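Where a number appears in this text, it was derived from the coordinates with a stated rule and is not lab data. Here Cβ is always computed from backbone atoms with ideal geometry, including for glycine, and neighbour counts include all displayed protein chains.
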Amino acid sequence: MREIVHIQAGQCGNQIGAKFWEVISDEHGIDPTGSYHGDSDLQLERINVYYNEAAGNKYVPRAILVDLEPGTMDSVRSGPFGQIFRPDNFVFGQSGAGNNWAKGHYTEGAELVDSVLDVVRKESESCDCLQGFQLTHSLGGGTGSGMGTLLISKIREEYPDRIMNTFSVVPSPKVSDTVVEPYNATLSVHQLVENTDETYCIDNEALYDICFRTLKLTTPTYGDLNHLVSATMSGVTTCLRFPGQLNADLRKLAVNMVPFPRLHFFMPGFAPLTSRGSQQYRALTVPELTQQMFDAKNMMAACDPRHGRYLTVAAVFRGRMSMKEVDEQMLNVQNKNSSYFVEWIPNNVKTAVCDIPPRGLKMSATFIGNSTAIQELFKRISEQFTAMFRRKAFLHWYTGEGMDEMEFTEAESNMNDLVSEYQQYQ
Amino acid sequence: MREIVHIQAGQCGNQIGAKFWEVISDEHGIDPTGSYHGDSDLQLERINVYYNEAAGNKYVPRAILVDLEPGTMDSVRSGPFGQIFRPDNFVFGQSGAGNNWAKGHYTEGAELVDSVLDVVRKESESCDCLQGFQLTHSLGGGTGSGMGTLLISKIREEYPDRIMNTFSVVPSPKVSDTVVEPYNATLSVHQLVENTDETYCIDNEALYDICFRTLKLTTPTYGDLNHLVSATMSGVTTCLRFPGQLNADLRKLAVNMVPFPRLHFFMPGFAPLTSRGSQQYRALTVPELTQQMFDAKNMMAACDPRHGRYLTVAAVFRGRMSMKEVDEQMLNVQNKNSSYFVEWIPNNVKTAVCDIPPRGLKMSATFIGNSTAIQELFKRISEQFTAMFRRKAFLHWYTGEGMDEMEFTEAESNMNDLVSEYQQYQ
Amino acid sequence: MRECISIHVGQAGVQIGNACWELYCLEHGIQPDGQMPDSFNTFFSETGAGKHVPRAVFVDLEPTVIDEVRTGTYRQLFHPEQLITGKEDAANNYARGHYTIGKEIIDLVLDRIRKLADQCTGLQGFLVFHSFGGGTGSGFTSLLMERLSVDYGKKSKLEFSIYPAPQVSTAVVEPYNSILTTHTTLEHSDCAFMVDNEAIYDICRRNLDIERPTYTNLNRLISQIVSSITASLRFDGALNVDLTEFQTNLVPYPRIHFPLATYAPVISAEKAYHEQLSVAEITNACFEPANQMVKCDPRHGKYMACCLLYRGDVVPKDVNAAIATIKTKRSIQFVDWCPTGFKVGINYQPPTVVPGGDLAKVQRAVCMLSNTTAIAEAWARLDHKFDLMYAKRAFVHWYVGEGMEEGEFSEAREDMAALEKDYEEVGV
Ligand SMILES: CC(=O)O[C@H]1[C@H]2[C@H]([C@@H]3[C@@H](O)[C@@H]4[C@H]([C@H](C)C[C@]5(O)OC(=O)[C@@](C)(O)[C@]45C)[C@@]3(C)[C@H]1OC(C)=O)[C@@H](O)C(=O)[C@H]1C[C@@H]3O[C@@H]3[C@H](OC(C)=O)[C@]21C
Ligand SMILES: CC(=O)O[C@H]1[C@H]2[C@H]([C@@H]3[C@@H](O)[C@@H]4[C@H]([C@H](C)C[C@]5(O)OC(=O)[C@@](C)(O)[C@]45C)[C@@]3(C)[C@H]1OC(C)=O)[C@@H](O)C(=O)[C@H]1C[C@@H]3O[C@@H]3[C@H](OC(C)=O)[C@]21C
Ligand SMILES: Nc1nc2c(ncn2[C@@H]2O[C@H](COP(=O)(O)CP(=O)(O)OP(=O)(O)O)[C@@H](O)[C@H]2O)c(=O)[nH]1
Ligand SMILES: Nc1nc2c(ncn2[C@@H]2O[C@H](COP(=O)(O)CP(=O)(O)OP(=O)(O)O)[C@@H](O)[C@H]2O)c(=O)[nH]1
Ligand SMILES: Nc1nc2c(ncn2[C@@H]2O[C@H](COP(=O)(O)OP(=O)(O)OP(=O)(O)O)[C@@H](O)[C@H]2O)c(=O)[nH]1
Ligand SMILES: [Mg+2]
């Protein structure tokens, strides 16, 4: 009965959404033609949360794909598992943003947001009782950031009572990729403060460190990482689809995680992680999973956990387990590290268990932490902004398209507000 | 109606107790399954001295096993006749002491004392009117001597008017089996002079000479020596369980032997002792028993019994006998050897006769002597101890646990006090 | 439920551990793949379903022997995390094994020790094999021993050290290594057995009737001695010992803790047919001086503490008679103030022989450990070598260029003279 539609913006978002629908069609046991070849009865009774039926026993995935560059749309159309989308969904323009936030927010949005809003109105009208939407984009470029944030503000002023998820990557400390990065990054944070319930963050280089030292691969690729972001997404949404001994959908996690409205930036993690060679020797228990969970090496963000204090922890498990064990081990991890958690929040852990594991494993576990130390990341963003804002470099390209300096100052002011709000409770 | 619970402490007393429950369970006719299969009704009117009937006519013994290394408990439990012990009784630690009396007394004893006292408190409150407690420990090692010492101190703090039996193998004149042995012997005697009503001293070398020069054995193993100790224990307490013509329970013996309340170290012995080679050349009437009893080389202590005089003698007989023969030949034995006996105690015999024999033989007898010649063994302890105390050898493994030097000086003065008492009365 | 974790440091340690783990995996019937077609938890961890892991850490700062292991036939057995490898050898220098290069690898092996200590309950001690004359095999041993005696506190620790021979020499800086290592390990280690090479050479040449030994034969002997020690833990016996026993029988004062180990019988298969082996002749043959594993004269002192472990089907009355007829002789004199210097141990399991090895199926075996006196005369010999290499200030710049001061050698010489004089005072 609960219903979630999908909207993919940006290149990185389009690729990880292709991999998202890939792992969803592999978890739910269906075929790239849309036809059914599954085995169990559990995989069809909850299919209304991500798909829709059609005249002729055909299934449509519930997604809308937005961009401005038709090359990536040709890429997801030509490849495998590009058949299942409906051809009324592939909406784009012809111009492109060129990694410029002002053009994507103030010029191309006026041409595209009308059609996208009409189609998402029809699709949200097609469903019975909607829970929320989730988008995938980045925080570095021009198309994904600006078009996603504009769509999210329109969606918040349209539906004021539903949840939002955003699986968005954030900039890296060691090596950058784009020169115009901190401008659109700070402006995107300025919109995501206002228009979104919850948003997890990914850093690329921590994914590189995980894929190097723990997975032990010779050739790390973009798709592999995309699959790790995908496995996080599936392991978060895995309670709306299968029954369990203690279920927890997304609004329950939203009200368990944030204590305050503006403290809504999380860090995810996956478990268990082992390579091909070293696979057989160590076991698959709740001790090994809970040990591999709480580490600085498991964290999929460029932030050290033990430089700050955890506020909340939500651990969503998958498999067939034993409950008193995981509660006793949560008690053990709470008793071991007393300096690492908030003192006025007692029993800082939240536990969820679902039955059906991901196919190929006997057990799995997803971690979501809310720890304040990510202000350090905000520091190494916002200070950098001041450097460029000391010399006013690259600015007239944004300025000629209808944008002023005062909104840059107010967006930096809001970023200052959030980093000092993290700094107060520390 | 008179009840005795059983505690085994250490390794040596544990193996002795395994053979002891073997012998008693064979004698009363009950099977290792717990179901009864004896022949008469004479057994089952008196089974409540040791066992309990439990809900579906299966019987359990009243035993609590105590050690600090688990493998002894595994060797008892997995072996035959290991089913009838109730698994709530097995209480042990995990570290072990290993010939450190301070470790067997001060440190691990405070870890196991409350659990063993709780189980024995339930076992004592389950009973009607208990007569005595019995413990089996060794005088050489750490966990046996130390935990038996602390257990006896706690029990006589708890129960003030219940007697204590204690069977203790005593260190050897020829070759020891542990290196720190006189320290263990001196402290164990320092507490056994304080808190015990009766106790016995057993040597290993006397058992070796018994199995060599009278039995003609070629391959003696430790189970067989433990069978001899089991035979002496059953011969002492066969009067509580079966009818008598001059009956003698434990309190009769306790008020029989001791003239002064410190001199309660006995030397026991058993008769007959027959080989299958020279079985035919003997008859079996009461002169054979009374001549093999009052014997030099048949004693179960490595002290020549005619190295002094006797104080008191008790003799418990088993079989269908004639009483006039018994007391006239006891007066005959006291008539033959006038020099070997204290004159200021006249009538230096104490007798008892019960009906049932051990399984297979007709007549048997148990000899118990309180003599003074055992003072020689006391000398060969304390002399040795003084030599080590003259050089402060091996003290730091005790001293780093919590023991001080004044303990050793007090214990040495106590041992020289005890040999002053034994030299006072001859 | 009784555990023990073994570490291997240096080249002598990793090859002698190759032989020891060969004997261990041969012993309980386990294939080298790590599967078997309920007591061996005492040295192994269980892996999920149908697999076993040994408890070992092979730490070497020179990668070639670790690569020889990983290419060797025991490749599938261990866990590939537990083979910690540095980047540069020590080149027989004590400062490079204690200070300069080895300090970069101590965090990984300490995390490995702390991770292997978490999977067990009643951990009893460590058994670290190491050599004296080498650089990394003594310097890193000092660093790990000091760090573990700081960290764990009150648990046991036993070592196996290769004794540098008086006559035979391979390296030239070996008195420096032994003197500084004994200077720094005297306080913290509990009891360390000493074993020389040249006595193993002589008992190989004379008793087993061999002409030319390869290094694997000496390692087979030392591995058989190790198995004979811990066979009272791996199974059961009529009169059993464990690892927390020997400290109360072998170490009188907290300084003198240096025993020498011996084995019996040392025979070939052709000498084993024409002699029926009673307990009396082998217990007497423990005390012939040509079969002691250290080049020393036991007739030049006294015997302070003496422990015996038996293996095979031996009844105890003849054991007690054999010790009684041992003590009554004249040549084997004992110390005055220690009248009972005997600690006896018997196990039911008979030993097994390695195929392609040098032992025949003998029903019995004796291990004898002795803390005797006259070994310290050998100390004087070793100390005398140090005097030569300090009289002309030989090789001092290769040591002081790595972060050492000159007063440490004088403090080491003072400590060794103090140890020898404590020894001779206690003796005389
Ligand atoms: C941990 C692992 O190796 O998983 C592989 C996947 C498989 C990945 C597969 O997608 C590989 C990936 C490779 C590591 C990378 C890859 O070649 O490039 C990509 O972009 C991937 C991720 O799509 C490609 C094609 C693989 C091999 C792997 O993806 C990685 C390295 O995360 C995936 O297809 C499966 O079927 C999984 C099924 C069982 O769960 C296990 C494995 O994944 C998990 C979550 O444990 C899979 C065998
Ligand atoms: C005494 C003797 O040599 O006969 C044996 C026992 C028998 C002993 C038996 O238990 C043997 C023991 C062996 C000497 C040792 C033994 O193998 O190991 C043990 O722990 C024993 C004592 O239980 C074992 C299994 C035996 C042979 C012996 O037990 C000993 C040595 O006390 C025992 O089972 C009997 O039934 C006895 C009955 C008849 O009285 C004789 C014999 O005992 C007496 C009282 O002399 C027995 C046949
Ligand atoms: N995990 C992945 N991250 C990616 C992938 N492709 C890009 N990225 C990341 O996305 C970051 C942001 O890219 P953008 O969305 O800004 C590209 P933009 O929309 O500005 O331009 P166009 O692609 O021309 O529309 C980029 O710096 C990379 O760090 C991918 O395949 N996988
Ligand atoms: N009659 C027996 N005496 C035994 C047996 N095993 C050992 N002993 C005696 O043990 C005596 C020394 O005491 P122990 O070492 O047994 C007591 P221990 O220190 O081993 O106890 P733990 O600390 O619990 O290990 C020695 O004189 C042996 O003759 C046995 O099976 N039977
Ligand atoms: N019993 C025995 N001794 C060995 C063996 N191999 C080497 N040794 C001895 O090792 C001693 C030298 O110390 P090593 O441990 O080899 O030197 P190292 O610790 O590796 O130092 P680096 O060379 O810098 O790596 C020599 O005296 C050898 O006798 C062996 O296989 N068996
Ligand atoms: Mg080397």
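General remarks:
- Under 19 Å from the Cα of residue C:295 - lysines, other chains or at least 8 residues apart: C:385
- 3J(HN,Hα) couplings calculated from phi for the range B:132-147 with the Karplus curve 6.51 cos²θ - 1.76 cosθ + 1.60 (θ = phi - 60°) are, in sequence order, x, 10, 9, 10, 10, 9, 9, 9, x, x, x, 5, x, 5, x, 6 Hz; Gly and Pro show x.
- Prolate/oblate/rounded call for chain C, Cα gyration tensor, a/c under 1.5 rounded: oblate
- Shielding by partners - mean other protein chain Cβ count within 10 Å, residues of B:176-188: 4
- For residue B:362, the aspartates and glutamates whose Cα comes closer than 14 Å to its Cα, not counting residues fewer than 8 places off in the same chain, are B:288.
- Shielding by partners, peptide A:151-160 (average Cβ within 10 angstrom, other chains): 0
- Phi angles of the range A:272-289 translate, via the Karplus equation with coefficients 6.51, -1.76, 1.60 and θ = phi - 60°, into HN-Hα couplings of x, 10, 9, 7, 7, x, 8, 7, 7, 6, 6, 9, 10, 10, 6, x, 5, 5 Hz per residue; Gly and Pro are given as x.
- Pairs of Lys residues in the range C:1-259 are counted when their Cα atoms are under 27 angstrom apart and they lie 8 or more places apart or on different chains; the count is 10.
- Three-way shape label, chain A, alpha-carbon gyration tensor, a/c 1.5: oblate
- Sorted on the mean count of surrounding Cβ atoms within 10 Å across their residues, most packed first, peptides B:30-38, B:69-77 read B:69-77, B:30-38.
- Loop-located GluC sites (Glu not before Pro) across the range A:1-66 with a Cβ neighbour count of 14 or fewer within 10 Å are A:45, A:53, with loop assigned by DSSP.
- Under 14 Å, Cβ to Cβ, from residue C:269 - net charge with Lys/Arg +1 and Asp/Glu -1: -2
- For the range A:37-95, size of Cβ-based charge dipole, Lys and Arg +1, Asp and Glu -1, in debye: 80
- Given A:252/A:379; A:336/A:379; A:252/A:350; B:379/C:329; B:252/B:336; B:174/B:297, the pairs whose alpha carbons are separated by over 19 Å: A:252/A:379; A:336/A:379; B:379/C:329; B:252/B:336
- Of the residues B:281, A:50, B:337, the one whose Cα sits farthest towards the positive end of the charge dipole of the protein assembly as shown is B:281 (charges of +1 on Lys and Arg Cβ, -1 on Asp and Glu Cβ, taken about the Cα centre).
- Loop-located trypsin sites (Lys or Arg not before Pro) in the range A:142-204, at most 16 other Cβ atoms within 10 Å (DSSP): A:162, A:174
- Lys/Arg +1, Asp/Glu -1 at C-beta; chain C dipole; positive extreme among C:395, C:273, C:407: C:273
- Vicinal HN-Hα couplings computed from phi for the range B:57-69 (Karplus, 6.51 cos²θ - 1.76 cosθ + 1.60; Hz; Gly/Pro x): 5, 10, 10, 10, x, 9, 9, 10, 9, 9, 7, 10, 10
- Loop-resident sites, the range B:300-364, for GluC sites (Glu not before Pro), counting at most 12 other Cβ within 10 Å (DSSP): B:343
- Rounded to the nearest 20, the Cβ-based charge dipole of chain B about its Cα centre (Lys and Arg +1, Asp and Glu -1) stands at 1300 debye.
- Dipole magnitude for the protein assembly as shown: about 3220 debye, using +1 per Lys or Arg Cβ and -1 per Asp or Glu Cβ, origin at the Cα centre.
- Remark: mean inter-chain Cβ contacts per residue of C:330-339 equal 3, using a 10 Å Cβ-Cβ cutoff to other protein chain atoms.
- Residue among C:252, C:98, C:161 farthest towards the positive dipole end of the range C:1-259, charges placed on Cβ: C:252
- Three-way shape label, the range A:1-103, alpha-carbon gyration tensor, a/c 1.5: prolate
- Counting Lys and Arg as +1 and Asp and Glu as -1 over every other residue whose Cβ lies under 15 Å from the Cβ of residue A:350, the net charge comes to -1.
- Cβ-defined net charge surrounding residue B:279, 14 Å radius [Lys, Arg +1; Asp, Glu -1]: +3
- Candidate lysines for bridging to residue B:154, where Cα separation is under 23 Å - those fewer than 8 sequence places away on the same chain excluded: B:103, B:122
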